[PDB]
Structure formats: structure tokens, C-alpha cells
Amino acid sequence: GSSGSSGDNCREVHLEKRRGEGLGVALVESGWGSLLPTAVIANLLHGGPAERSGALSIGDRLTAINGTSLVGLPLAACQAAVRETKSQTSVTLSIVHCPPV
């Protein structure tokens with residue numbers, strides 16, 4: 001049925017880049033958390049396929065890319081996976097969508 005319940009709090013953001021086009025994203029290693037670290041956007045290329053979106057901005061925490069659960073993996077992994085997209089003409093970024101306290 002229509003899967004919809006308090007469990008997964010994220011936002012799927014698909015993009016359209018050119019074959020071999022730099023995604024235009026900069027992630028780093030974060031400590032904040034409970035058991036494992038998270039992927040936090042350190043910097044973004046003001047003028048890329050990811051930024052052009054407007055929603056994805058420095059800070060947001062990445063969870064996966066094009067269907068690649070990165071949550072848990074070290075920054076290196078995310079840095080190696082985020083690069084692959086370069087060749088791809090599409091990019092699906094999924095970050096956390098927490099409510100405005």
C-alpha cells in the first residue's frame with residue numbers, strides 16, 4: 001500500500017547534469033550523531049546541477065545518492081560515490097527534512 005508513516009524523514013531531490021559534468025558538491029566528515037557519523041555538505045559550487053536546485057544548501061545532511069545508502073559509510077566513500085555521478089546525467093540527493101522548531 002501507500003507507505004506513509006513516522007519513520008523516514010528525508011527529501012528526494014533529483015537533478016539533471018551533463019555527461020561528465022562536475023556535480024558541484026563538497027561534503028566533509030561530521031561528528032554529531034549517536035553511533036555513527038553523518039554526511040554534511042561543507043561547500044557547494046554556486047552554479048552547478050545540485051545548487052541550481054536551490055533547496056540543497058551548505059549544511060543539509062546527505063543520506064544517499066542515486067539510491068546509494070551512504071549513511072554510516074566514511075566521508076571517503078561518499079567522496080568516491082559522489083564523483084561517479086559526474087559521468088551520469090542525473091543525480092538524486094536525499095537529505096533530512098526536519099521541521100522548524
# chains A, B, ... in the order shown; residues from 1 in each chain; ligands from 1
>>> closest_atom_pairs(of="range 36-94 of chain A", to="range 24-32 of chain A", cutoff="9 Å", atoms="only C-alpha atoms", output="CSV")
residue,atom,partner,partner_atom,distance
A:36,CA,A:31,CA,8.0
A:37,CA,A:31,CA,5.2
A:38,CA,A:30,CA,5.6
A:39,CA,A:29,CA,6.3
A:40,CA,A:27,CA,5.6
A:41,CA,A:27,CA,4.3
A:42,CA,A:27,CA,4.9
A:43,CA,A:26,CA,4.7
A:44,CA,A:25,CA,4.7
A:45,CA,A:24,CA,4.7
A:46,CA,A:24,CA,7.9
A:47,CA,A:24,CA,7.8
A:48,CA,A:24,CA,5.3
A:49,CA,A:24,CA,6.8
A:50,CA,A:24,CA,6.3
A:51,CA,A:24,CA,7.3
A:58,CA,A:26,CA,8.6
A:62,CA,A:27,CA,8.6
A:74,CA,A:29,CA,7.4
A:75,CA,A:29,CA,5.4
A:76,CA,A:29,CA,8.7
A:78,CA,A:27,CA,7.8
A:79,CA,A:27,CA,7.2
A:82,CA,A:25,CA,8.2
>>> write_last_selection(atoms="N, CA and C atoms", output="CSV table (one decimal), in the first residue's frame")
chain,number,residue,atom,x,y,z
A,36,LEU,N,27.0,6.5,14.7
A,36,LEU,CA,27.9,6.7,13.5
A,36,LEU,C,27.7,8.2,13.0
A,37,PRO,N,28.8,8.6,12.3
A,37,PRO,CA,28.8,10.0,11.8
A,37,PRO,C,27.8,10.2,10.6
A,38,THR,N,27.7,11.4,10.1
A,38,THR,CA,26.8,11.7,9.0
A,38,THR,C,27.5,12.6,8.0
A,39,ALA,N,26.9,12.6,6.8
A,39,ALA,CA,27.5,13.3,5.7
A,39,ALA,C,26.9,14.8,5.6
A,40,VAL,N,27.8,15.7,5.9
A,40,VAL,CA,27.3,17.1,5.9
A,40,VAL,C,28.0,17.9,4.8
A,41,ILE,N,27.2,18.7,4.1
A,41,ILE,CA,27.7,19.5,2.9
A,41,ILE,C,28.5,20.6,3.4
A,42,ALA,N,29.8,20.5,3.2
A,42,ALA,CA,30.8,21.5,3.6
A,42,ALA,C,30.7,22.7,2.7
A,43,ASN,N,30.7,22.5,1.4
A,43,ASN,CA,30.6,23.6,0.4
A,43,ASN,C,29.8,23.2,-0.8
A,44,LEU,N,29.3,24.2,-1.6
A,44,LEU,CA,28.6,23.9,-2.8
A,44,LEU,C,29.0,24.8,-3.9
A,45,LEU,N,29.1,24.3,-5.2
A,45,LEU,CA,29.5,25.1,-6.3
A,45,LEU,C,28.4,26.0,-6.8
A,46,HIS,N,28.4,27.3,-6.3
A,46,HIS,CA,27.3,28.2,-6.7
A,46,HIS,C,27.2,28.3,-8.2
A,47,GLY,N,26.4,27.4,-8.8
A,47,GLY,CA,26.2,27.4,-10.3
A,47,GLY,C,26.4,26.0,-10.9
A,48,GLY,N,25.9,25.0,-10.1
A,48,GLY,CA,26.0,23.7,-10.6
A,48,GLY,C,24.6,23.0,-10.7
A,49,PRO,N,24.6,21.7,-11.1
A,49,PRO,CA,23.4,21.0,-11.2
A,49,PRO,C,22.7,20.7,-9.9
A,50,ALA,N,23.5,20.7,-8.8
A,50,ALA,CA,23.0,20.4,-7.5
A,50,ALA,C,22.5,21.7,-6.8
A,51,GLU,N,23.3,22.8,-6.9
A,51,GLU,CA,23.0,24.1,-6.3
A,51,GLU,C,21.8,24.7,-7.1
A,58,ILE,N,24.5,24.4,1.8
A,58,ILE,CA,25.5,24.1,2.8
A,58,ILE,C,24.8,23.8,4.1
A,62,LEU,N,23.4,14.7,3.9
A,62,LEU,CA,23.1,13.7,2.8
A,62,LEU,C,22.9,12.3,3.4
A,74,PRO,N,32.1,6.1,5.7
A,74,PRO,CA,33.1,7.2,5.9
A,74,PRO,C,33.0,8.2,4.8
A,75,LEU,N,33.4,9.5,5.1
A,75,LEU,CA,33.4,10.5,4.1
A,75,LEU,C,34.0,10.1,2.8
A,76,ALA,N,35.2,9.4,2.9
A,76,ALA,CA,35.8,8.9,1.7
A,76,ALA,C,34.8,8.2,0.7
A,78,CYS,N,31.6,8.5,0.4
A,78,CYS,CA,30.7,9.4,-0.1
A,78,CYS,C,31.4,10.3,-1.2
A,79,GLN,N,32.7,10.5,-1.0
A,79,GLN,CA,33.5,11.3,-1.9
A,79,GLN,C,33.8,10.5,-3.2
A,82,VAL,N,30.0,10.1,-4.8
A,82,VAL,CA,29.5,11.4,-5.4
A,82,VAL,C,30.2,11.7,-6.7
>>> residues_around(residues="residue 67 in chain A", least_positions_apart="6", cutoff="12 Å", atoms="only C-alpha atoms", output="PDB file with N, CA, C and O atoms, in the first residue's frame")
ATOM      1  N   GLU A  12      13.712  13.546  -1.382  1.00  0.00           N
ATOM      2  CA  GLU A  12      14.334  13.130  -2.634  1.00  0.00           C
ATOM      3  C   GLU A  12      14.418  14.296  -3.613  1.00  0.00           C
ATOM      4  O   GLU A  12      13.398  14.839  -4.040  1.00  0.00           O
ATOM      5  N   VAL A  13      15.641  14.678  -3.967  1.00  0.00           N
ATOM      6  CA  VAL A  13      15.860  15.780  -4.897  1.00  0.00           C
ATOM      7  C   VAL A  13      16.633  15.315  -6.126  1.00  0.00           C
ATOM      8  O   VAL A  13      17.847  15.116  -6.071  1.00  0.00           O
ATOM      9  N   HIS A  14      15.921  15.143  -7.236  1.00  0.00           N
ATOM     10  CA  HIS A  14      16.540  14.704  -8.481  1.00  0.00           C
ATOM     11  C   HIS A  14      17.062  15.895  -9.279  1.00  0.00           C
ATOM     12  O   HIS A  14      16.460  16.970  -9.275  1.00  0.00           O
ATOM     13  N   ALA A  81      31.759   8.003  -4.236  1.00  0.00           N
ATOM     14  CA  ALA A  81      30.468   7.730  -4.855  1.00  0.00           C
ATOM     15  C   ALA A  81      29.903   8.981  -5.520  1.00  0.00           C
ATOM     16  O   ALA A  81      29.372   8.921  -6.629  1.00  0.00           O
ATOM     17  N   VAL A  82      30.020  10.114  -4.836  1.00  0.00           N
ATOM     18  CA  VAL A  82      29.522  11.380  -5.361  1.00  0.00           C
ATOM     19  C   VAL A  82      30.215  11.743  -6.670  1.00  0.00           C
ATOM     20  O   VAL A  82      29.657  12.459  -7.500  1.00  0.00           O
ATOM     21  N   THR A  85      28.712  10.013 -10.132  1.00  0.00           N
ATOM     22  CA  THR A  85      27.624  10.768 -10.741  1.00  0.00           C
ATOM     23  C   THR A  85      28.127  11.622 -11.899  1.00  0.00           C
ATOM     24  O   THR A  85      27.461  11.749 -12.926  1.00  0.00           O
ATOM     25  N   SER A  90      22.241  12.343 -14.311  1.00  0.00           N
ATOM     26  CA  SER A  90      21.227  12.537 -13.281  1.00  0.00           C
ATOM     27  C   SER A  90      21.837  12.404 -11.888  1.00  0.00           C
ATOM     28  O   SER A  90      22.869  11.759 -11.709  1.00  0.00           O
ATOM     29  N   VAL A  91      21.188  13.021 -10.905  1.00  0.00           N
ATOM     30  CA  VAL A  91      21.664  12.972  -9.528  1.00  0.00           C
ATOM     31  C   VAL A  91      20.510  13.121  -8.542  1.00  0.00           C
ATOM     32  O   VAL A  91      19.850  14.160  -8.493  1.00  0.00           O
ATOM     33  N   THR A  92      20.271  12.075  -7.757  1.00  0.00           N
ATOM     34  CA  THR A  92      19.197  12.088  -6.772  1.00  0.00           C
ATOM     35  C   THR A  92      19.749  12.231  -5.359  1.00  0.00           C
ATOM     36  O   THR A  92      20.228  11.262  -4.768  1.00  0.00           O
ATOM     37  N   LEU A  93      19.677  13.443  -4.820  1.00  0.00           N
ATOM     38  CA  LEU A  93      20.170  13.712  -3.473  1.00  0.00           C
ATOM     39  C   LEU A  93      19.041  13.616  -2.451  1.00  0.00           C
ATOM     40  O   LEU A  93      17.967  14.186  -2.643  1.00  0.00           O
ATOM     41  N   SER A  94      19.292  12.892  -1.366  1.00  0.00           N
ATOM     42  CA  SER A  94      18.297  12.720  -0.314  1.00  0.00           C
ATOM     43  C   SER A  94      18.835  13.207   1.028  1.00  0.00           C
ATOM     44  O   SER A  94      19.702  12.573   1.629  1.00  0.00           O
TER      45      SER A  94
END
>>> atom_distance(atom1="CA of residue 99 in chain A", atom2="CA of residue 23 in chain A")
27.3 Å
>>> decode(residues="range 58-82 of chain A", atoms="N, CA, C and O atoms", output="compact mmCIF listing (two decimals), in the first residue's frame")
# COMPACT_ATOMS: atom_id res chain seq x y z
N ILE A 58 24.51 24.42 1.76
CA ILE A 58 25.50 24.06 2.77
C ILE A 58 24.84 23.77 4.11
O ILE A 58 24.03 24.56 4.60
N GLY A 59 25.19 22.64 4.71
CA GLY A 59 24.63 22.27 5.99
C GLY A 59 23.85 20.97 5.93
O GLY A 59 24.21 19.99 6.58
N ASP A 60 22.78 20.95 5.14
CA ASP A 60 21.95 19.76 5.00
C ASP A 60 22.81 18.50 5.05
O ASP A 60 23.95 18.49 4.59
N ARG A 61 22.24 17.43 5.62
CA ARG A 61 22.95 16.17 5.73
C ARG A 61 22.49 15.18 4.66
O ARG A 61 21.29 14.90 4.54
N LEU A 62 23.43 14.67 3.88
CA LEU A 62 23.12 13.72 2.82
C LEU A 62 22.93 12.31 3.39
O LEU A 62 23.57 11.93 4.37
N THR A 63 22.05 11.54 2.76
CA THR A 63 21.77 10.18 3.20
C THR A 63 22.19 9.17 2.14
O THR A 63 22.75 8.12 2.46
N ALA A 64 21.92 9.48 0.88
CA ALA A 64 22.27 8.60 -0.22
C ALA A 64 22.32 9.37 -1.54
O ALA A 64 21.92 10.53 -1.61
N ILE A 65 22.82 8.71 -2.58
CA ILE A 65 22.93 9.33 -3.90
C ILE A 65 22.55 8.35 -5.00
O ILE A 65 23.19 7.32 -5.17
N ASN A 66 21.51 8.69 -5.75
CA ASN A 66 21.05 7.84 -6.84
C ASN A 66 20.68 6.45 -6.33
O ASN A 66 20.71 5.47 -7.07
N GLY A 67 20.32 6.37 -5.05
CA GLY A 67 19.95 5.10 -4.46
C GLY A 67 21.13 4.37 -3.86
O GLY A 67 21.28 3.16 -4.04
N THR A 68 21.98 5.10 -3.15
CA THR A 68 23.17 4.52 -2.53
C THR A 68 23.26 4.90 -1.06
O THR A 68 23.91 5.89 -0.71
N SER A 69 22.62 4.11 -0.20
CA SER A 69 22.63 4.37 1.23
C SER A 69 24.05 4.60 1.73
O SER A 69 24.80 3.64 1.96
N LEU A 70 24.42 5.86 1.90
CA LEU A 70 25.76 6.21 2.38
C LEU A 70 25.79 6.28 3.90
O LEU A 70 26.84 6.11 4.52
N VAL A 71 24.63 6.54 4.50
CA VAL A 71 24.53 6.64 5.95
C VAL A 71 25.35 5.55 6.64
O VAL A 71 25.06 4.36 6.50
N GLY A 72 26.38 5.96 7.37
CA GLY A 72 27.23 5.01 8.07
C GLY A 72 28.62 4.95 7.48
O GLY A 72 29.61 4.84 8.21
N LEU A 73 28.71 5.01 6.16
CA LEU A 73 30.00 4.95 5.47
C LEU A 73 30.81 6.22 5.74
O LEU A 73 30.27 7.29 5.99
N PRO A 74 32.14 6.09 5.68
CA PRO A 74 33.06 7.21 5.90
C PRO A 74 33.01 8.24 4.78
O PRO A 74 32.62 7.92 3.65
N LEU A 75 33.41 9.47 5.08
CA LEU A 75 33.42 10.54 4.10
C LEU A 75 34.02 10.06 2.78
O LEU A 75 33.47 10.31 1.71
N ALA A 76 35.16 9.38 2.87
CA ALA A 76 35.84 8.87 1.68
C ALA A 76 34.85 8.21 0.73
O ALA A 76 34.79 8.55 -0.45
N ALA A 77 34.07 7.26 1.25
CA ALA A 77 33.09 6.55 0.44
C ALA A 77 32.18 7.53 -0.30
O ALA A 77 32.02 7.44 -1.52
N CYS A 78 31.59 8.46 0.45
CA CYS A 78 30.69 9.45 -0.13
C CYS A 78 31.42 10.29 -1.18
O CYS A 78 30.82 10.71 -2.17
N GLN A 79 32.71 10.52 -0.95
CA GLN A 79 33.51 11.31 -1.88
C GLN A 79 33.80 10.53 -3.16
O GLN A 79 33.92 11.11 -4.24
N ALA A 80 33.89 9.21 -3.03
CA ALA A 80 34.16 8.35 -4.18
C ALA A 80 32.88 8.06 -4.95
O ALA A 80 32.90 7.89 -6.17
N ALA A 81 31.76 8.00 -4.24
CA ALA A 81 30.47 7.73 -4.86
C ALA A 81 29.90 8.98 -5.52
O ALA A 81 29.37 8.92 -6.63
N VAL A 82 30.02 10.11 -4.84
CA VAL A 82 29.52 11.38 -5.36
C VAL A 82 30.22 11.74 -6.67
O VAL A 82 29.66 12.46 -7.50
